[PDB]
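Residue numbers (the deposited numbering), protein chains in the order written: chain A, 1 to 86; chain A', 1 to 86. A prime marks a further copy of an entry chain.
Each residue gets a CB set at the ideal place from its N, CA and C atoms; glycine is no exception.
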């Protein structure tokens, strides 16, 4: 299991916006977190949230299976990091 | 934890080869596996092995933390799926 932490300072998201190739508006909400990748300290990672989802509250989390998909070359890829409480 | 299975029929690797941009030879060993992504059946996924590593034997495995890295846009990515026995 991957250990993800949302620190007290990371409790908010920011929003970027724009227009798709054929005219549709979009909005993307982004939040930061720390992930332990086995180095001396956890590293900073950007998360893009799914539509209609609030920012994750401070605390410890792990990664949900729905984060992964098989890519166009047949290998596993991350789609979006989706988190669940630890 | 991600459940990965190497079936009896997937006990071998194949090797692809070529030459890098500035002249060096390379060889890549590839093996197939089944990964449970929560659909009705596990899906087929291609793994590229690390240098000097044998094919994983048939059995159940999970994903090692060393499979992940932070990508050039600050989000988590899979580098190569590295497995450890379940």
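Item	Value
Reduced DSSP secondary structure (H/G/I, E/B, other) of residue 17 (chain A')	strand
Segment limits, beta strand (DSSP E) that includes residue 68 (chain A')	68 to 70
Strand pairing of residue 29 (chain A), partner residues [DSSP]	A:15
Spatial distance of residue 66 (chain A') from residue 72 (chain A) (CA atoms)	22 Å
Own chain residues within Cβ distance below 8 Å of residue 25 (chain A), not counting five before or after	17, 18 and 19
Length of the line joining the Cα atoms of residue 80 (chain A) and residue 42 (chain A')	20 Å
Chain-ordered chain A' contacts of residue 18 (chain A) [CB-CB under 9 Å]	What residue 18 (chain A) touches in chain A': nothing, since even the nearest Cβ is about 16 Å away.
Boundaries (first-last residue) of the beta strand (DSSP E) holding residue 5 (chain A)	4 to 6
Closer than 8 Å to chain A' by CB, residue 84 (chain A)	no
Beta-carbon proximity check, residue 2 (chain A) vs residue 48 (chain A), cutoff 8 Å	no
Spatial distance of residue 8 (chain A') from residue 46 (chain A') (CA atoms)	16 Å
Beta-carbon spacing of residue 64 (chain A'), residue 83 (chain A') below 8 Å	yes
Per-residue burial, residue 60 (chain A') [other beta carbons within 10 Å of its own, 16 or more giving buried]	exposed
Straight-line gap, residue 27 (chain A) to residue 68 (chain A') (C-alpha atoms, nearest Å)	27 Å
Amino acids of chain A, ordered along the chain, whose beta-carbon sits closer than 8 Å to that of residue 75 (chain A')	45, 46, 47, 48, 78 and 81
Local conformation of residue 49 (chain A) per DSSP, three classes	coil
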